[PDB]
Every structure is written in C-alpha cells, then in structure tokens.
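Here's structure.txt, which has compact mmCIF, C-alpha atoms and all ligand atoms:
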```
# COMPACT_ATOMS: atom_id res chain seq x y z
CA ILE J 1 -98.85 -44.59 33.16
CA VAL J 2 -95.94 -46.57 31.72
CA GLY J 3 -92.38 -45.29 32.22
CA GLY J 4 -93.40 -42.37 34.43
CA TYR J 5 -92.69 -41.37 38.00
CA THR J 6 -94.46 -41.09 41.33
CA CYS J 7 -96.07 -37.61 41.29
CA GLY J 8 -96.06 -37.06 45.03
CA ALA J 9 -99.18 -36.83 47.17
CA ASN J 10 -101.58 -34.08 46.07
CA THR J 11 -99.08 -32.48 43.68
CA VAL J 12 -101.64 -32.74 40.87
CA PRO J 13 -104.58 -31.15 42.71
CA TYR J 14 -107.02 -31.18 39.77
CA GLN J 15 -106.62 -34.95 39.22
CA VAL J 16 -109.69 -36.94 40.21
CA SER J 17 -110.47 -40.64 40.31
CA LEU J 18 -113.87 -41.80 39.07
CA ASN J 19 -115.12 -44.60 41.31
CA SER J 20 -118.01 -47.07 40.93
CA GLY J 21 -116.90 -49.40 43.73
CA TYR J 22 -113.35 -49.26 42.34
CA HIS J 23 -111.24 -46.75 40.37
CA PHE J 24 -112.10 -46.97 36.67
CA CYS J 25 -111.04 -43.66 35.05
CA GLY J 26 -109.39 -40.32 35.66
CA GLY J 27 -110.86 -36.84 35.32
CA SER J 28 -109.96 -33.17 35.81
CA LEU J 29 -111.68 -30.74 38.16
CA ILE J 30 -112.41 -27.56 36.18
CA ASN J 31 -114.45 -25.72 38.82
CA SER J 32 -115.89 -26.49 42.27
CA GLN J 33 -118.76 -28.58 40.83
CA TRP J 34 -117.65 -29.94 37.44
CA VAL J 35 -115.24 -32.57 36.15
CA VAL J 36 -114.00 -33.17 32.57
CA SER J 37 -113.39 -36.79 31.56
CA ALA J 38 -113.52 -39.09 28.51
CA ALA J 39 -116.89 -40.06 27.03
CA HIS J 40 -115.70 -43.66 26.85
CA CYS J 41 -115.58 -43.51 30.67
CA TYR J 42 -119.33 -42.95 30.85
CA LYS J 43 -121.34 -45.07 33.28
CA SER J 44 -124.09 -44.48 35.84
CA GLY J 45 -123.43 -44.33 39.59
CA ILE J 46 -120.16 -42.40 39.56
CA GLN J 47 -118.56 -41.16 42.78
CA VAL J 48 -115.89 -38.51 42.17
CA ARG J 49 -112.86 -38.87 44.42
CA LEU J 50 -110.79 -35.72 44.94
CA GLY J 51 -107.65 -35.13 46.88
CA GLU J 52 -106.45 -38.66 46.28
CA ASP J 53 -102.97 -40.08 46.29
CA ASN J 54 -103.18 -43.73 47.38
CA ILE J 55 -106.61 -44.74 46.04
CA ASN J 56 -106.71 -47.74 48.39
CA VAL J 57 -105.93 -45.91 51.66
CA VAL J 58 -107.75 -42.99 53.33
CA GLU J 59 -104.86 -40.55 53.85
CA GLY J 60 -106.68 -37.42 55.04
CA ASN J 61 -107.17 -35.08 52.07
CA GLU J 62 -109.92 -36.89 50.18
CA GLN J 63 -113.32 -35.56 49.26
CA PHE J 64 -115.77 -38.16 47.93
CA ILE J 65 -118.76 -36.60 46.15
CA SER J 66 -121.41 -38.45 44.11
CA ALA J 67 -122.14 -37.20 40.59
CA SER J 68 -125.60 -35.70 40.04
CA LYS J 69 -125.44 -35.81 36.25
CA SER J 70 -123.17 -36.73 33.35
CA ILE J 71 -123.21 -35.21 29.87
CA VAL J 72 -121.48 -37.07 27.06
CA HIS J 73 -120.49 -34.88 24.10
CA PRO J 74 -123.39 -34.67 21.63
CA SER J 75 -121.20 -35.96 18.75
CA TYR J 76 -119.28 -38.66 20.61
CA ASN J 77 -118.69 -41.68 18.36
CA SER J 78 -117.65 -44.71 20.41
CA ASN J 79 -116.35 -46.57 17.34
CA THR J 80 -113.88 -43.90 16.19
CA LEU J 81 -113.55 -42.23 19.60
CA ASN J 82 -114.17 -38.88 17.90
CA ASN J 83 -115.25 -36.28 20.48
CA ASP J 84 -114.13 -38.40 23.46
CA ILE J 85 -115.19 -35.94 26.11
CA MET J 86 -117.82 -35.77 28.84
CA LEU J 87 -118.76 -33.53 31.75
CA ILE J 88 -119.68 -34.79 35.21
CA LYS J 89 -121.43 -32.57 37.75
CA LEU J 90 -120.91 -33.07 41.49
CA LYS J 91 -123.96 -33.22 43.80
CA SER J 92 -122.20 -30.66 46.00
CA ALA J 93 -119.35 -28.23 45.37
CA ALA J 94 -115.93 -29.49 46.41
CA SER J 95 -114.03 -27.52 49.04
CA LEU J 96 -111.16 -25.95 47.15
CA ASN J 97 -107.75 -25.73 48.82
CA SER J 98 -104.07 -26.26 47.90
CA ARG J 99 -104.55 -30.03 47.45
CA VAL J 100 -107.94 -29.94 45.72
CA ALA J 101 -107.95 -27.30 43.00
CA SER J 102 -109.49 -26.70 39.60
CA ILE J 103 -107.41 -26.53 36.40
CA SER J 104 -108.02 -23.74 33.86
CA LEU J 105 -109.41 -24.41 30.40
CA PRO J 106 -107.16 -23.34 27.49
CA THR J 107 -107.56 -19.93 25.96
CA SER J 108 -105.56 -21.23 22.99
CA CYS J 109 -104.72 -24.69 21.45
CA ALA J 110 -101.30 -26.00 22.41
CA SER J 111 -98.73 -26.64 19.70
CA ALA J 112 -96.55 -29.74 18.69
CA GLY J 113 -93.43 -29.52 20.85
CA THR J 114 -95.09 -28.17 23.98
CA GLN J 115 -94.27 -30.21 27.09
CA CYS J 116 -97.25 -31.48 29.10
CA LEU J 117 -97.92 -33.40 32.31
CA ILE J 118 -100.00 -36.58 31.99
CA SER J 119 -101.15 -38.39 35.13
CA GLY J 120 -103.23 -41.31 36.37
CA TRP J 121 -103.62 -44.54 38.32
CA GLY J 122 -103.60 -46.78 35.23
CA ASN J 123 -101.49 -49.79 34.29
CA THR J 124 -97.72 -49.22 34.57
CA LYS J 125 -96.75 -52.13 32.27
CA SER J 126 -96.64 -52.29 28.46
CA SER J 127 -96.60 -56.09 28.70
CA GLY J 128 -98.92 -57.55 31.32
CA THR J 129 -100.60 -55.67 34.16
CA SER J 130 -99.66 -53.82 37.33
CA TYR J 131 -101.79 -51.08 38.87
CA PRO J 132 -100.09 -48.58 41.17
CA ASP J 133 -101.91 -47.37 44.24
CA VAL J 134 -100.41 -43.88 44.17
CA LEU J 135 -100.68 -41.32 41.37
CA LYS J 136 -98.19 -41.62 38.51
CA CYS J 137 -96.93 -38.81 36.30
CA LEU J 138 -95.31 -38.46 32.88
CA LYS J 139 -93.84 -35.44 31.15
CA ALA J 140 -94.36 -35.72 27.40
CA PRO J 141 -94.37 -33.49 24.32
CA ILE J 142 -97.26 -32.97 21.96
CA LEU J 143 -96.35 -34.59 18.63
CA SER J 144 -96.92 -33.09 15.18
CA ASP J 145 -100.22 -33.80 13.44
CA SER J 146 -98.24 -35.33 10.57
CA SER J 147 -96.42 -37.80 12.85
CA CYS J 148 -99.69 -38.55 14.66
CA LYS J 149 -101.51 -39.32 11.40
CA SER J 150 -98.54 -41.34 10.10
CA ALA J 151 -98.59 -43.42 13.30
CA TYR J 152 -102.33 -44.10 13.04
CA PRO J 153 -103.39 -43.97 9.35
CA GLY J 154 -107.05 -43.08 8.83
CA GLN J 155 -107.78 -42.64 12.54
CA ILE J 156 -106.75 -39.16 13.69
CA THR J 157 -109.46 -36.49 13.54
CA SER J 158 -109.20 -32.74 14.13
CA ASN J 159 -110.40 -33.45 17.70
CA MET J 160 -107.36 -35.57 18.62
CA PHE J 161 -103.66 -35.07 19.11
CA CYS J 162 -100.75 -37.39 19.83
CA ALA J 163 -98.32 -36.93 22.69
CA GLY J 164 -95.46 -39.02 23.98
CA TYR J 165 -92.46 -40.73 22.44
CA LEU J 166 -92.24 -42.59 19.13
CA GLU J 167 -89.43 -44.77 20.53
CA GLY J 168 -91.90 -46.24 23.03
CA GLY J 169 -91.47 -46.92 26.75
CA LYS J 170 -93.32 -43.85 28.04
CA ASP J 171 -97.11 -43.49 27.67
CA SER J 172 -100.50 -43.42 29.36
CA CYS J 173 -102.39 -46.73 29.50
CA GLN J 174 -105.57 -48.60 30.57
CA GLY J 175 -107.02 -47.01 33.68
CA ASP J 176 -105.58 -43.58 32.82
CA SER J 177 -108.52 -42.85 30.51
CA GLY J 178 -110.32 -39.58 31.10
CA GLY J 179 -107.36 -38.09 32.96
CA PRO J 180 -105.53 -34.82 32.28
CA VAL J 181 -102.88 -33.64 29.88
CA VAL J 182 -101.84 -30.26 31.28
CA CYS J 183 -99.52 -27.90 29.39
CA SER J 184 -98.42 -24.53 30.80
CA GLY J 185 -101.09 -24.79 33.52
CA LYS J 186 -103.94 -25.43 31.14
CA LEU J 187 -105.98 -28.59 30.43
CA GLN J 188 -105.17 -29.31 26.82
CA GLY J 189 -105.89 -33.04 26.57
CA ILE J 190 -107.84 -35.98 27.92
CA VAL J 191 -106.39 -39.51 27.96
CA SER J 192 -108.33 -41.19 25.12
CA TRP J 193 -106.75 -44.13 23.27
CA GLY J 194 -103.74 -45.81 21.69
CA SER J 195 -102.44 -49.15 20.45
CA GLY J 196 -101.51 -51.02 23.62
CA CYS J 197 -99.29 -48.78 25.72
CA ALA J 198 -95.79 -47.40 25.25
CA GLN J 199 -95.34 -49.36 22.01
CA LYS J 200 -92.85 -48.15 19.40
CA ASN J 201 -94.52 -45.85 16.84
CA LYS J 202 -97.83 -45.97 18.74
CA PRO J 203 -98.00 -42.82 20.85
CA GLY J 204 -100.90 -41.86 23.10
CA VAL J 205 -103.92 -40.20 21.49
CA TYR J 206 -105.68 -37.45 23.42
CA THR J 207 -108.91 -35.50 23.11
CA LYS J 208 -108.14 -31.96 21.94
CA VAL J 209 -109.77 -29.94 24.75
CA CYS J 210 -109.32 -26.52 23.14
CA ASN J 211 -111.94 -27.51 20.53
CA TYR J 212 -114.52 -27.93 23.31
CA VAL J 213 -114.19 -24.81 25.45
CA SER J 214 -117.38 -23.22 24.05
CA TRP J 215 -119.37 -26.41 24.57
CA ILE J 216 -117.97 -26.82 28.08
CA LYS J 217 -118.79 -23.26 29.12
CA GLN J 218 -122.29 -23.29 27.62
CA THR J 219 -123.06 -26.68 29.10
CA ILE J 220 -121.96 -25.59 32.57
CA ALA J 221 -123.93 -22.33 32.24
CA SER J 222 -127.23 -24.22 31.77
CA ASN J 223 -126.83 -27.33 33.93
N1 LIG J 301 -101.96 -43.88 25.52
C1 LIG J 301 -102.36 -45.14 25.35
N2 LIG J 301 -101.52 -46.00 24.79
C2 LIG J 301 -103.72 -45.61 25.80
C3 LIG J 301 -104.44 -44.84 26.71
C4 LIG J 301 -105.69 -45.26 27.16
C5 LIG J 301 -106.23 -46.45 26.69
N3 LIG J 301 -107.45 -46.85 27.12
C6 LIG J 301 -105.52 -47.22 25.77
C7 LIG J 301 -104.26 -46.80 25.32
CA CA J 302 -106.78 -42.19 49.41
```
Would you mind giving the structure from this file in structure tokens?
Ligand SMILES: NC(=[NH2+])c1ccc(N)cc1
Ligand SMILES: [Ca+2]
Amino acid sequence: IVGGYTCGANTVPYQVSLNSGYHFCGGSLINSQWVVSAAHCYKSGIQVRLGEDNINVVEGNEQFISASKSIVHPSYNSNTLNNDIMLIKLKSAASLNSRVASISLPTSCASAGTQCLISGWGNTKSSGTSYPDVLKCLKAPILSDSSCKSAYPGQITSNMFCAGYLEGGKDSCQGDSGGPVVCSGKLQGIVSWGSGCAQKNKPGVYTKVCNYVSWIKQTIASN
C-alpha cells in the first residue's frame, strides 16, 4: 500500500496473509474455513495466516492453518486478468473472535463514489521497494467505469473496477494482491492489478466480487 497509514494491530480482522515460507499475497476470510483471494496468487503449499499484524513477529493473536484445497475461478484468464478470483479452503476451521473474523459478501454491487478500505503488507513505494512488517491501510473511492476504461483503454472488463486517486500517490501495490477492498462492511473488491503503483492516471484495478457471489456460495456448498 502506497500513501496509506498503519491500520493498527488486528483492526482489519478478516485480512489474511498467504504464506509459502514468506508472505506473498493477501486474502479475506469469508467464513471459518474459506478465504477469497486473487487467482494470480495461486500456488501449491499455501499456509493461511490469520490474526496477523507484524508478519515477521509472533505477537499472540495469530492462527496459522494450512490450506486443504484451492479453487481458481473456472474462467480465469491470466493474460487479461479477467476473473481474478480464487477460493482457498482451510484444513481446519479458524477460531473466530474479535481479532479474527469473517467479512460478509455483498448483497449488492457497490457504486462509483463509495468509499472503501484497502489493506495489505505490499510495497509502500511507487519508486523502488520497501515492504512494511505491519498491516497498511488506505481509504479510497470506487471510480466511475468511464474513468476506469479511459485510464486503461481496452483492458477493463465487466468483472473489474477501478478505485483510488487519478492524481496518484495513493494505491495498492505488489504484495497487496489478493487482499480486500471493503465498502460499508462488505467485501466488494480484490486487489488485482495496475500500472506500477500510485502513478498518475493509473488507478488500482480490482476484481468485482459482487459478480461472483453465486459462484462463491455454490463452490463452498459442495467443497
Ligand atoms: N493497484 C496497483 N497499482 C497494483 C496492485 C497489485 C499489483 N500486483 C500491481 C499493481
Ligand atoms: Ca505476527
């Protein structure tokens, strides 16, 4: 997260870190046994880390649970990033409490103008690299489809939305992928892609979660 702020320990209780020996992506806990992330975060041997603030220090509220299965969206295209969504099932149910909590799926798609909270442990620099150890946060509005498409000609599908600031300086970034965009207490987006990070006229592009609620529910019901 570039140009954000320190969230505060366990203030984003649905935020998970995906770990394969090291943090590599974010995710969102949507019930005691399932995490939503980005398909481009797929790999084998994932350990889900809940209750995390400093990802390099055991602070006392962590739950580390290996994934039993991952399900990449059936129509995920890695070239265009269309349908950049996957589900990860935990081998055991997490223990839910105030610091480790699921986030609700949307009942309705969020509109341009709605303020959301974006969070992650990704790069905090637009130029060069610095990874924070604690969770970073950014409040950002959903942008209009027209401004999104104008910013990225020929690249924005009906399964994507832009959020952030056209002026630049405030954005998600590498390492934030798969993490949440939460608006009015609902998971509306997944950190997906963008040109660099926090660049002028290159806002963040996010998977449009509301399009996937049926697939998510049906997938969970049978797996
Ligand atoms: N929002 C962004 N600029 C972004 C997010 C993730 C990513 N992998 C690349 C760029
Ligand atoms: Ca920790």
**Study point:** Nearby residues (only C-alpha atoms) at most 8 Å from region 141-155 of chain J, same-chain spacing under 2 positions excluded, as a list in words
**Key:**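 Returned residues: residues 80, 111, 112, 113, 114, 115, 116, 139, 157, 161, 162, 163, 164, 165, 201, 202 and 203 of chain J.
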Review point. Quick one: residues within 6 Å of ligand CA 302 (chain J), with all atoms listed in the file, as an MDAnalysis selection string?
Key: chainID J and resid 52:59
Check your understanding: Which of these residues is nearest to ligand LIG 301 (chain J), using all atoms listed in the file: J:68, J:119, J:97, J:199?
Key ->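 Closest candidate: J:199.
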Review point. Which residue, J:96, J:220, J:109, J:25, has the smallest gap to ligand LIG 301 (chain J) when you use all atoms listed in the file?
Key: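 Looking at the shortest contact to ligand LIG 301 (chain J), the residue is J:25.
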Exercise for review: Compute the set of protein, DNA and RNA residues whose minimum atom distance to ligand LIG 301 (chain J) is at most 6 Å, using all atoms listed in the file, and state it as a count of residues only.
Suggested key: 16
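Of the residues under consideration (J:175, J:117, J:91, J:66), J:175 shows the shortest atom-to-atom contact distance to residue 129 (chain J) when counting only C-alpha atoms.
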Review point. Mind pulling up the distance from CA of residue 167 (chain J) to CA of residue 40 (chain J)?
Key: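 Computing it gives 27.0 Å between the two atoms.
In terms of minimum interatomic distance to residue 62 (chain J), J:50 ranks closest within J:50, J:209, J:16, J:2, counting only C-alpha atoms.
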Point to revise | Among listed residues J:160, J:46, J:29, J:105, nearest residue 187 (chain J) (using all atoms listed in the file) | key: J:105
**Study point:** Pairwise distance for CA of residue 21 (chain J) and CA of residue 47 (chain J), rounded to one decimal in Å
**Key:** 8.5 Å
Revision key, fill the gap. Separating CA of residue 108 (chain J) from CA of residue 138 (chain J), to the nearest tenth of an Å, is a gap of 22.4 Å
